[PDB]
Each structure stands twice: as C-alpha cells, then as structure tokens.
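The block underneath contains the structure these notes are about, expressed in structure tokens.
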Amino acid sequence: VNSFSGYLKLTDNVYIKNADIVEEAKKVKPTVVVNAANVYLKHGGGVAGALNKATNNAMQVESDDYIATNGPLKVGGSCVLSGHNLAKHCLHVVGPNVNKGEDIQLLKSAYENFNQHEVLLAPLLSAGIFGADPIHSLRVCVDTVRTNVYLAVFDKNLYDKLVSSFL
Ligand SMILES: Fc1ccccc1[C@H]1CCN(c2ncnc3[nH]ccc23)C1
C-alpha cells in the first residue's frame with residue numbers, strides 16, 4: 001500500500017492521473033520523482049522548468065555542480081540527485097527530443113532507467129516540448145517499465161485521450 005490517490009490502473013504496474021506533477025510531488029513526497037531532463041540538466045521549461053521553479057532554483061544549482069564534475073548525460077541516460085522539497089530523490093531522465101532530431105528508439109532506453117527504482121512518480125518521457133507522440137510514450141512505458149510507476153499528465157484533454165486510446 002502506498003499514498004498515491006485517484007489514479008486509474010492501466011496494467012499490473014502502471015497507473016495514470018490527470019495531475020500537475022509539481023503538486024502531486026508536494027502532496028505525496030514520493031521516494032522518487034522523475035524529471036524530464038536534458039543532457040545539460042538545464043531546467044528551463046516543460047516539466048523540468050516547473051520542478052526546478054518549485055525548488056526555488058535549488059535543483060538547478062545542484063545540477064550545475066553535477067555537470068561541472070561529470071559532464072553531460074547521454075540521451076537515454078539518467079542520474080539520481082536530490083528531490084529537494086518535492087521528493088527524497090529526483091531521477092533526471094533524458095528522453096530523446098524530437099525537436100532536436102534525436103532517435104525515438106532511445107525512448108525505450110530512457111524508460112529502462114525507471115526499473116532501478118521500485119516506485120516512481122513520473123511524467124511521460126519525451127512528451128510535451130520534447131516533441132514525441134504521448135500515446136507512443138505511454139506504450140513504451142507500459143512495455144518497458146516493470147516497477148511501479150505513477151504517471152502524472154498535466155493536460156486534461158491529453159489524459160482523456162491517453163486513457164480512451166489505451167490498448
Ligand atoms: F513539456 C514537456 C517536456 C518533457 C516531458 C513532458 C512535457 C509536457 C507533457 C506533460 N507535462 C507535465 N506533466 C505533469 N506535470 C507537469 N507540470 C508541468 C508540466 C507537466 C508537460
């Protein structure tokens with residue numbers, strides 16, 4: 001039993017809700033919140049900009065030190081950093097950005113990072129400003145993640161479309 005409330009169950013391990021991931025994280029304080037990161041951990045917009053804003057820029061400060069030490073992530077890769085006031089940990093995961101020409105096949109590799117964590121609150125990878133089809137992202141999520149994932153979808157119209165079209 002966990003504290004996630006109001007989710008629709010899609011499969012044995014995948015759950016979905018129309019929710020602002022920032023507000024959901026503040027309420028649940030999950031062990032892991034996933035950020036829709038880029039390789040430079042520059043949290044300017046989309047989910048990343050919103051999560052970082054909610055940390056009063058502490059996420060960005062921590063991220064800049066991470067990059068100065070380690071260099072950029074790989075597309076499809078991840079790193080674990082602090083969750084600040086939102087979660088115990090933040091798993092920064094880099095899905096391919098279609099608006100940069102990145103290979104959509106890397107979306108499966110990106111979701112594989114979730115399997116290192118028993119339970120996660122997450123957005124749909126590569127959706128939103130990353131330019132991928134969110135229906136496809138949900139399909140890859142369900143077919144790749146084996147741990148327990150609670151997906152927050154900000155847009156109500158998109159949420160209804162994802163549910164109604166789910167096979
Ligand atoms: F822009 C993006 C970049 C990368 C991945 C996804 C997006 C879109 C699609 C879903 N998404 C969100 N989902 C849940 N909570 C949210 N809070 C603020 C934004 C947001 C924004």
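Labels for the structure tokens follow display order: chains A, B, ..., residues from 1 in each chain, ligands from 1.
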
**Message:** Just want the 7 Å neighbourhood of stretch 80-96 of chain A, counted on only C-alpha atoms, with same-chain residues fewer than 6 positions away dropped. Output as a ChimeraX atom specification.
**Reply:** /A:25-26,29-39,55,102-104,106-107,110,125-126

Output of the above residues as a compact mmCIF listing (two decimals), in the first residue's frame, restricted to C-alpha atoms:
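Okay, part.txt is ready:
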# COMPACT_ATOMS: atom_id res chain seq x y z
CA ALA A 25 5.09 15.58 -5.60
CA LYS A 26 4.46 18.21 -2.91
CA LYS A 29 6.62 13.34 -1.12
CA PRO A 30 7.48 10.20 -3.11
CA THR A 31 10.78 8.41 -2.77
CA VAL A 32 11.49 9.22 -6.43
CA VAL A 33 10.14 11.93 -8.73
CA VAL A 34 11.27 11.71 -12.35
CA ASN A 35 12.37 14.85 -14.17
CA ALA A 36 12.09 15.22 -17.95
CA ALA A 37 15.72 16.34 -18.18
CA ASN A 38 18.08 17.27 -20.99
CA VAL A 39 21.73 16.21 -21.18
CA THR A 55 12.61 24.07 -5.61
CA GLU A 102 17.11 12.56 -31.68
CA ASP A 103 16.36 8.88 -32.30
CA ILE A 104 12.96 7.92 -30.90
CA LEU A 106 16.17 5.87 -27.41
CA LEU A 107 12.84 6.30 -25.62
CA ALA A 110 15.23 6.17 -21.24
CA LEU A 125 9.09 10.81 -21.29
CA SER A 126 9.69 12.77 -24.50

**Request:** Check every protein, DNA and RNA residue against ligand 1, keep those with an atom at most 6 Å away (counting only C-alpha atoms and all ligand atoms), and present them as a ChimeraX atom specification.
**Result:** /A:20-22,36,46-47,50,123-130,152-154

**Given only C-alpha atoms as the counted atoms, nearest of A:111, A:160, A:41, A:28 to residue A:71** = A:41

**Asked** What does the distance between atom CA of residue A:109 and atom CA of residue A:53 come to in Å, to one decimal place?
**Response**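 Separation of atom CA of residue A:109 and atom CA of residue A:53: 27.4 Å.
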
Quick one: pick out all strand (DSSP E or B) residues within stretch 56-159 of chain A from a backbone DSSP run and write them as a PDB file with N, CA and C atoms, in the first residue's frame.
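Listing of states_33.pdb after writing:
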ATOM      1  N   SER A  78      20.445   8.773 -17.335  1.00  0.00           N
ATOM      2  CA  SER A  78      19.850   9.361 -16.145  1.00  0.00           C
ATOM      3  C   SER A  78      20.914   9.586 -15.082  1.00  0.00           C
ATOM      4  N   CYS A  79      20.541  10.376 -14.080  1.00  0.00           N
ATOM      5  CA  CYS A  79      21.302  10.450 -12.842  1.00  0.00           C
ATOM      6  C   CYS A  79      20.325  10.681 -11.699  1.00  0.00           C
ATOM      7  N   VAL A  80      20.723  10.252 -10.504  1.00  0.00           N
ATOM      8  CA  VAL A  80      19.952  10.457  -9.285  1.00  0.00           C
ATOM      9  C   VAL A  80      20.534  11.643  -8.533  1.00  0.00           C
ATOM     10  N   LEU A  81      19.697  12.639  -8.267  1.00  0.00           N
ATOM     11  CA  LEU A  81      20.069  13.799  -7.467  1.00  0.00           C
ATOM     12  C   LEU A  81      19.026  13.982  -6.368  1.00  0.00           C
ATOM     13  N   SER A  82      19.176  15.049  -5.586  1.00  0.00           N
ATOM     14  CA  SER A  82      18.223  15.306  -4.516  1.00  0.00           C
ATOM     15  C   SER A  82      16.832  15.596  -5.072  1.00  0.00           C
ATOM     16  N   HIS A  89      14.384  11.743  -3.683  1.00  0.00           N
ATOM     17  CA  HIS A  89      15.310  11.776  -4.796  1.00  0.00           C
ATOM     18  C   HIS A  89      14.593  12.264  -6.041  1.00  0.00           C
ATOM     19  N   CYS A  90      15.363  12.877  -6.937  1.00  0.00           N
ATOM     20  CA  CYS A  90      14.916  13.149  -8.295  1.00  0.00           C
ATOM     21  C   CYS A  90      15.757  12.322  -9.256  1.00  0.00           C
ATOM     22  N   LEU A  91      15.089  11.478 -10.040  1.00  0.00           N
ATOM     23  CA  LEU A  91      15.720  10.754 -11.136  1.00  0.00           C
ATOM     24  C   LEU A  91      15.581  11.608 -12.391  1.00  0.00           C
ATOM     25  N   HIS A  92      16.685  12.228 -12.810  1.00  0.00           N
ATOM     26  CA  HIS A  92      16.713  13.033 -14.027  1.00  0.00           C
ATOM     27  C   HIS A  92      16.920  12.088 -15.196  1.00  0.00           C
ATOM     28  N   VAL A  93      15.921  11.964 -16.070  1.00  0.00           N
ATOM     29  CA  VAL A  93      15.960  11.029 -17.192  1.00  0.00           C
ATOM     30  C   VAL A  93      15.877  11.820 -18.486  1.00  0.00           C
ATOM     31  N   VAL A 119       9.366   2.232  -6.958  1.00  0.00           N
ATOM     32  CA  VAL A 119       8.173   3.062  -7.114  1.00  0.00           C
ATOM     33  C   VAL A 119       8.613   4.457  -7.548  1.00  0.00           C
ATOM     34  N   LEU A 120       7.916   5.031  -8.533  1.00  0.00           N
ATOM     35  CA  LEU A 120       8.255   6.360  -9.038  1.00  0.00           C
ATOM     36  C   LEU A 120       7.005   7.137  -9.410  1.00  0.00           C
ATOM     37  N   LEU A 121       7.066   8.452  -9.187  1.00  0.00           N
ATOM     38  CA  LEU A 121       6.149   9.424  -9.770  1.00  0.00           C
ATOM     39  C   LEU A 121       6.837  10.011 -10.991  1.00  0.00           C
ATOM     40  N   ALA A 122       6.168  10.010 -12.138  1.00  0.00           N
ATOM     41  CA  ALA A 122       6.845  10.381 -13.370  1.00  0.00           C
ATOM     42  C   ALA A 122       5.932  11.059 -14.376  1.00  0.00           C
ATOM     43  N   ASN A 148       6.825  -0.035 -10.237  1.00  0.00           N
ATOM     44  CA  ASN A 148       5.521   0.606 -10.070  1.00  0.00           C
ATOM     45  C   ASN A 148       5.635   2.086 -10.401  1.00  0.00           C
ATOM     46  N   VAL A 149       4.975   2.507 -11.478  1.00  0.00           N
ATOM     47  CA  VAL A 149       5.087   3.873 -11.969  1.00  0.00           C
ATOM     48  C   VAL A 149       3.718   4.543 -11.946  1.00  0.00           C
ATOM     49  N   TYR A 150       3.701   5.744 -11.359  1.00  0.00           N
ATOM     50  CA  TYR A 150       2.537   6.606 -11.241  1.00  0.00           C
ATOM     51  C   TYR A 150       2.772   7.791 -12.163  1.00  0.00           C
ATOM     52  N   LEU A 151       2.042   7.818 -13.273  1.00  0.00           N
ATOM     53  CA  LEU A 151       2.208   8.829 -14.304  1.00  0.00           C
ATOM     54  C   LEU A 151       1.261   9.995 -14.067  1.00  0.00           C
ATOM     55  N   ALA A 152       1.820  11.200 -14.068  1.00  0.00           N
ATOM     56  CA  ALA A 152       1.068  12.443 -13.961  1.00  0.00           C
ATOM     57  C   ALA A 152       1.033  13.105 -15.331  1.00  0.00           C
ATOM     58  N   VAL A 153      -0.173  13.363 -15.825  1.00  0.00           N
ATOM     59  CA  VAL A 153      -0.387  14.011 -17.113  1.00  0.00           C
ATOM     60  C   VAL A 153      -1.060  15.348 -16.838  1.00  0.00           C
TER      61      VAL A 153
END

**Message:** For the helix (DSSP H, G or I) assignment from backbone DSSP, which residues of stretch 82-111 of chain A qualify? Please present them as a list in words.
**Reply:** residues 98, 99, 100, 106, 107, 108, 109, 110 and 111 of chain A

**Asked** To one decimal place, how far is atom CA of residue A:16 from atom CA of residue A:63 in Å?
**Response**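 According to the coordinates, atom CA of residue A:16 and atom CA of residue A:63 are separated by 28.1 Å.
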